[PDB]
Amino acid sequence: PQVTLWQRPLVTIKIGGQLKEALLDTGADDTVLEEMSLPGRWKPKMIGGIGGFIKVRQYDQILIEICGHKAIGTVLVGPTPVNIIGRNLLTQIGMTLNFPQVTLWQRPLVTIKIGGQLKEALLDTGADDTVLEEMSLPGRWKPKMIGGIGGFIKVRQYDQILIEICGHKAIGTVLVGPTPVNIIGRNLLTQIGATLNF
């Protein structure tokens, strides 16, 4: 199955006897699921994301079926706004990122050039938007707030911004704010024909 990114890459997952929809997030190291009844022993833990940090329970050796493919791994249950399938599980179902082909055993970082500066960014299929760390950018912007795992952050919106991603050019909206890492969302990934194969 091959997935384009014009729409959030949602899939069906069966976990703990229950059926849920979850987002294939190349930008997440871990898999985070909304609060749900899970049998077993857990361990308190915290994870970071945009907007802040959240407290979650960690369950190891959990079985999960993603689009028919079974997989066993660590699962984090917590106050997430969306069920997220991170790289720990994506690699188990042979998930690849084709735009070159990128495996997910390592965070999918690529180099981008924007505003005459070179930076590294994370290819995030789980993000609708592209949010970059504070930086000198010409043009006029507009205030805006986006949400993430730990909450909402205030960012400056710039439209019609040229970006060269791993070689290819693309023009689109870029949000600039307090992000822990530069994020390339679906509004640009689609422009460089990035597909998700597994």
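Throughout, we count residues from 1 along the sequence that is shown.
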- Message: I need to verify one thing: averaged over C-alpha atoms only, is the B-factor higher for 119-127 or for 88-96?
- Response: 88-96
- As stated in the PDB record, which stretch has the larger average Cα B-factor, 165-173 or 133-141? 133-141
- Query: Is the Cα B-factor recorded for residue 83 in the lowest, middle or highest third of its chain?
  - Reply: lowest
- Could you tell me which third, lowest, middle or highest, the C-alpha B-factor of residue 34 occupies within its chain? middle
- Query: Based on the entry's values, in what third of the chain does the Cα temperature factor of residue 149 lie: lowest, middle or highest?
  - Reply: highest
- Split the chain's modelled residues into thirds by Cα B-factor; is residue 111 in the lowest, middle or highest one? lowest
- Which third of the chain holds residue 28 when residues are ordered by C-alpha B factor: lowest, middle or highest? lowest
